[PDB]
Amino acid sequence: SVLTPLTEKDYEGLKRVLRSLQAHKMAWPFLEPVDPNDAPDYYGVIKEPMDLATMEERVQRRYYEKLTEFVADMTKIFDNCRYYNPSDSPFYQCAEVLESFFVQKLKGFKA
């Protein structure tokens, strides 16, 4: 189940998944913490920001104890983008595309 404790072998898969996402062409808005210059009032709207650089740090530090927690931070990144941005937005579409890529990759890691 997704509650099972992460092993050292699992962490190699998570590193692989994370780097697949960082390399994706649509991932550029999510690579680093949002710069307030790039999004007005972002940190007034979004009370739990998340990004792929923060998850990478968390992976390197063995922050994650069960896969569900890794999935949770990833889903915040997508949730935040879709709440902050209107469905019209190319940033919104970036979340649509990258979340679908994440599901494919997550299914693969689970297998």
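Counting begins at 1, following the sequence as shown. The term rigid core refers to the most C-alpha atoms you can superpose between the two forms while keeping them within 1.5 Å.
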| property | result |
| --- | --- |
| Farther-lying stretch by C-alpha RMS in 5 other deposited structures of this protein (rigid core fit) among 67 to 75, 34 to 42 | 34 to 42 |
| Per the entry, higher mean C-alpha B factor between 36 to 44 and 55 to 63 | 36 to 44 |
| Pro49 by Cα B-factor - lowest, middle or highest third of the modelled chain | middle |
| B-factor third for the C-alpha atom of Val103 within its chain | middle |
| Third of chain Cα B-factors occupied by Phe78 | lowest |
| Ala23 - which third its CA temperature factor falls in, relative to the rest of the chain | middle |
